[PDB]
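The structure appears right after this line, and notes come after that.
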Amino acid sequence: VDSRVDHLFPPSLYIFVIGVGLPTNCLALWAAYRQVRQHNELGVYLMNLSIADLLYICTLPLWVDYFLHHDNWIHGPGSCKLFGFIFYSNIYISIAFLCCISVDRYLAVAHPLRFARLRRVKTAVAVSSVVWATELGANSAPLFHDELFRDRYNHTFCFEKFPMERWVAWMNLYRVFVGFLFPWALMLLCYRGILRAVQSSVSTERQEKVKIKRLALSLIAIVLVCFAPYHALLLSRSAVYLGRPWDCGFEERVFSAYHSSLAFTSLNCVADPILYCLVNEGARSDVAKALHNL
């Protein structure tokens, strides 16, 4: 059980995320609020996604240090328990609001004349509240554990043990399977249904159909390219532990790749503002008309 020279990639990537995803997410939050003012209940989910992204990107300045300084956390146990819970959530909050958006879009497009009670700002707010309550209470296990752990080779950990606790493996399994694949599968099914509905449209001009398909494929490709490697490797180093709990052969080799993938999973915070409030000409219109106020 040891570590590698992983001190440049996650820091240089979180710096880019800080530089791009604070202004883009503030603009996206403003545009989503603009949408809510018009009783577009998609705006509620867009605001919630922007909030999760914002309070994720506002807790990176700590892990950029935690990775610059080699793998040690020094801001007490209190910061490592709050900023470590915000950092290992908001992934399952972002990919829950993306699923909420895809289901909202599927209902509007594939059933345009039904379920009108489900498409309202009130029900959107209630669903957002339930989404925040779950995945923040059901992912709250790391709080009720000591989680600023030291070891031999001067590695002050934060939310880890390479010798994994009994719960950590099961909670990782839950992460991979009921925080990523389930919401991602629902996103994929919703966009497949949206494309099947758009296909039948008589009034859409077959280049708009191509634009819709190439946006719907990128929506479910960005999520996979950002979350699949980290979660597959988390599955790997959690499945090995059940086979050989008292072993460290795999972990030392896979440590650097694991932390680089964890750095990668942060690109789905500058991905969201673009793909959901900056790729269409209506929300860019809001950006243009509001930045022209000052």
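All residue numbers given for chain A refer to Swiss-Prot; the residues shown span 13-306 in order.
Quick reminder: no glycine exception, Cβ is built from N, Cα and C everywhere.
Listed as Cβ neighbours of the topological domain 'Cytoplasmic' (48-51) (distance under 8 Å, sequence separation of 6 or more from its ends, same chain) are residues 59, 133. Taken from Swiss-Prot, the feature topological domain 'Cytoplasmic' covers 48-51 (among others), and the record attributes it to experimental evidence.
Tertiary neighbourhood of the transmembrane segment (52-82): same-chain residues 15, 18-19, 22-23, 26-27, 29-30, 33-34, 37-38, 40-41, 43-46, 91, 95, 98-99, 102-103, 105-106, 109-110, 112-113, 116-117, 131-133, 135-137, 140, 143-144, 166-167, 170, 271, 275, 278, 281, 284-285, 288-289, selected by CB-CB distance under 8 Å and a gap of 6+ residues from either end. If you look up Swiss-Prot, you'll see 52-82 (among others) marked as transmembrane segment.
Sequence-distant contacts of the topological domain 'Extracellular' (83-87) (same chain, six or more residues past either end, CB-CB distance under 8 Å): 15, 18, 74, 160, 166-170. Under the heading topological domain 'Extracellular', Swiss-Prot lists 83-87 (among others), citing experimental evidence as support.
As annotated by Swiss-Prot, transmembrane segment applies to 88-123 (among others). Distant neighbours of the transmembrane segment (88-123): 53-54, 57-58, 60-61, 64-65, 67-68, 71-72, 74-75, 130-131, 136, 139-140, 143-144, 147-148, 151-152, 154-155, 158-160, 170-171, 187, 191-192, 195-196, 198-199, 202-203, 205-206, 208-210, 231, 235, 239, 277, 280-281, 284, 288; these residues of the same chain sit at least 6 beyond its ends, with a Cβ under 8 Å from one of its Cβ atoms.
Annotation comment: Swiss-Prot describes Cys92-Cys170 as disulfide bond, evidence class experimental evidence. Note: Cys170 (disulfide bond) has non-local neighbours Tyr78, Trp85, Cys92, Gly96, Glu159, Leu160, i.e. same-chain residues 6+ apart with C-beta under 8 A of its own C-beta.
Within the same chain, residues 53, 116 sit at least 6 positions outside the topological domain 'Cytoplasmic' (124-131) and bring their C-beta atoms closer than 8 Å to a C-beta of that stretch. The feature topological domain 'Cytoplasmic' is assigned by Swiss-Prot to 124-131 (among others).
Residues or ranges marked as transmembrane segment in Swiss-Prot (evidence: experimental evidence): 132-158 (among others). Long-range neighbours of the transmembrane segment (132-158) within the same chain, counting only residues 6 or more positions beyond its ends whose Cβ lies under 8 Å from a Cβ of the stretch, are 48, 51, 53-54, 56-57, 60, 89, 93, 96-97, 100-101, 104-105, 108-109, 112, 116, 171, 177, 179, 183, 187, 191.
Per Swiss-Prot, site 'Required for activation' is recorded for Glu147. Cβ contacts within 10 Å of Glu147 (site 'Required for activation'), excluding its own Cβ and spanning all protein chains shown: 20. The DSSP secondary structure for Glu147 (site 'Required for activation') is coil.
Proximity of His157 (site 'Proton sensing') to non-local residues of its own chain (separation of 6 or more, Cβ distance below 8 Å) is seen for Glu177, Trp179, given in sequence order. According to Swiss-Prot, the site 'Proton sensing' annotation covers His157 (among others), on the basis of experimental evidence.
Per Swiss-Prot, topological domain 'Extracellular' is recorded for 159-174 (among others), and the stated evidence type is experimental evidence.
Residues or ranges marked as region 'Extracellular loop 2 (ECL2)' in Swiss-Prot (evidence: similarity to another entry): 159-174. If you look at the region 'Extracellular loop 2 (ECL2)' (159-174), the same-chain residues 6 or more away from its ends with a CB under 8 A from one of its CBs are 13-15, 78, 82-86, 88-89, 92-93, 96-97, 99-100, 180, 260, 263-264, 267.
Taken from Swiss-Prot, the feature N-linked glycosylation site applies to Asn166, supported by sequence analysis. For the recorded site, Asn166 (N-linked glycosylation site), the DSSP three-state label reads coil. Counting only residues at least six positions away in the same chain, the Cβ atoms of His82, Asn84 sit under 8 Å from the Cβ of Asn166 (N-linked glycosylation site).
Look at Swiss-Prot and you will find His167 (among others) tagged as site 'Proton sensing', backed by experimental evidence. Within the same chain, residues at least 6 positions away in sequence whose Cβ sits under 8 Å from that of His167 (site 'Proton sensing') are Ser15, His82, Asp83, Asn84.
Within the same chain, residues 13, 103-104, 107-108, 110-111, 114-115, 117-118, 121-122, 147, 151, 153-154, 157, 221, 224-225, 228-229, 231-232, 235-236, 239, 243-244, 246-247, 249-251, 253-254, 257-258, 260 sit at least 6 positions outside the transmembrane segment (175-212) and bring their C-beta atoms closer than 8 Å to a C-beta of that stretch. Annotated transmembrane segment per Swiss-Prot: 175-212 (among others), in sequence order.
Swiss-Prot lists 213-216 (among others) with the feature topological domain 'Cytoplasmic', giving experimental evidence as the kind of evidence. Sequence-distant contacts of the topological domain 'Cytoplasmic' (213-216) (same chain, at least 6 residues past either end, Cβ-Cβ under 8 Å): 224.
Positions annotated as transmembrane segment by Swiss-Prot, on the basis of experimental evidence: 217-252 (among others). Outside the transmembrane segment (217-252), and at least 6 residues removed from its termini, the chain residues within Cβ reach (under 8 Å) are 103, 107, 110, 114, 176, 180-181, 184-185, 187-188, 192, 196, 199-200, 203, 206-207, 210-211, 259, 262-263, 266, 269-270, 273-274, 276-277, 279-280, 283, 287, 291.
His271 (site 'Proton sensing') sits 23 Å from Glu147 (site 'Required for activation'), taking the Cα positions as reference.
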